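Let's start with one chain on its own, the form solved without this ligand, as structure tokens.
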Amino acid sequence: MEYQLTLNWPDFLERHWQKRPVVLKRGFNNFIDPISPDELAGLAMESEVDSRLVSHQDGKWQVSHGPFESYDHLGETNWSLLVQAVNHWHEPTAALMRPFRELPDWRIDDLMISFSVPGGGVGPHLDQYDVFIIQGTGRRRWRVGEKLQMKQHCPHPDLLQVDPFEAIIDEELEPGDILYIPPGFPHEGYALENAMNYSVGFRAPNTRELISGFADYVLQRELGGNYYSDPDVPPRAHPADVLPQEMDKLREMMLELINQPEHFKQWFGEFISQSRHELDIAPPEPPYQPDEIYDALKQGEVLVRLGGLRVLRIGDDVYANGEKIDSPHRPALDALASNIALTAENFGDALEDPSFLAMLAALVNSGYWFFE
């Protein structure tokens, strides 16, 4: 399908994003759910999918990790099924992501869907990331509190919650409504009628993850192999001392390495292009030869990107799922990065180059793009 967002973007980015939560009423007009609770359940039965059941009985909370062989015995009440990264396994669901391209592809994460019977829900909780929560069929009561430091507690080892909060937002969401929550704002919501919620999640790294990742990149690629050297080595009163100048030199090594021109860009390119959830990956059973891709495309057949596969451009280099793609043909690479559903027109003269055709062949044979 194709989904149309009624949001006013400049106003939102200016006043709201990464600042304050909002309820965007009728974000989607005449909202038609991309998927059904049944299709979602069947999808949760699959073993490659990350899914979980969260139920609560009076005070007690029970969290069960999927997949599942059974719809019984659950209840008419007080439970919810959560499925991560549906946009990987379902194309119509993947369509929901497109309207959010007004925000950077690299910051966006994936689409997680929850189905809840009345009373069903995940409880009050905090996130470290921005989220858009889209109301599907049914209705839920959503509550968001002010952003204040609060202790996280665990009703279950597998389930994070906070203490109940005074809501700065308390509302019932109709289908098509969207609730934007910046990180740090406690929120809770629960089904009134049988409900479907679509969370477009976002991702941002912290410093720990960055320095760790890059350290592993340096180790793996065997970089930064230059040793500390002191032909000028300074005198000292006490031989057990390590002088401030030496510490400074030592750290200056790390800073210098971090600032080496290609290395950081390349590492981050390989990192950020990787998905936090498992892709659906099925390399073409026989591999493709370059000229049947050439032919297929020229024959009118269309190339489409695997749902959830991240393609990002940093400078003149492109990165698809951890792998750097480097080609002299810019329009083609731009076509690969900024739109799914590619046709020969988007490639231009690139297909004539056997090198580009070879690369493209390797990308398709990898499962990253497939024919329609």
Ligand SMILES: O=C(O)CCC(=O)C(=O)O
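Residue numbers here begin at 1 and follow the sequence given.
Compared with other entries of the same protein, residue 152 falls in the group left without coordinates by at least a third of them, where both flanks are modelled. When the other compared entries with both flanking residues are checked, residue 114 is modelled in all of them, not unmodelled in a third. Between 203-211 and 75-83, the higher mean Cα B-factor belongs to 75-83. Checked against the record, the higher mean CA B factor of 66-74 and 35-43 lies with 66-74.
Note on 287, 175, 120, 124: the highest value goes to 287, judged by CA B factor as recorded. Per the PDB entry, 148 shows the highest C-alpha temperature factor of the residues 94, 169, 218, 148. Sort the modelled residues of the chain by CA B factor and residue 182 lands in the lowest third. Split the chain's modelled residues into thirds by C-alpha temperature factor. Residue 10 is in the lowest one.
Residue 307 sits in the middle third of its chain by CA B factor, as recorded in the PDB entry.
For residue 298, the recorded CA B-factor ranks within the highest third of the chain. Only modelled residues enter the ranking.
Sort the modelled residues of the chain by CA B factor and residue 60 lands in the highest third.
The same protein also has a form solved in complex with this ligand, omitted here; what follows describes it.
For this ligand in the bound PDB entry, the listed stretch (125-133, 280-288, 258-266, 208-216) containing residues with heavy atoms inside 4.5 Å is 125-133. Not one of 95, 203 and 310 is positioned with any heavy atom within 4.5 Å of this ligand in the bound PDB entry. Note on the partner interface in the bound PDB entry: the residue among 160, 296, 167, 82 having a heavy atom within 4.5 angstroms of this ligand is 82.
At the 4.5 Å threshold, heavy atoms of residue 88 stay clear of this ligand in the bound PDB entry, well away from it.
Remark: residue 112 counts among the residues lining this ligand in the bound PDB entry, judged by a heavy atom distance of 4.5 Å or less. Using a 4.5 Å cutoff between non-hydrogen atoms, residue 199 counts as a contact of this ligand in the bound PDB entry. This ligand in the bound PDB entry is approached by residue 52, whose closest heavy atom lies within 4.5 angstroms of it.
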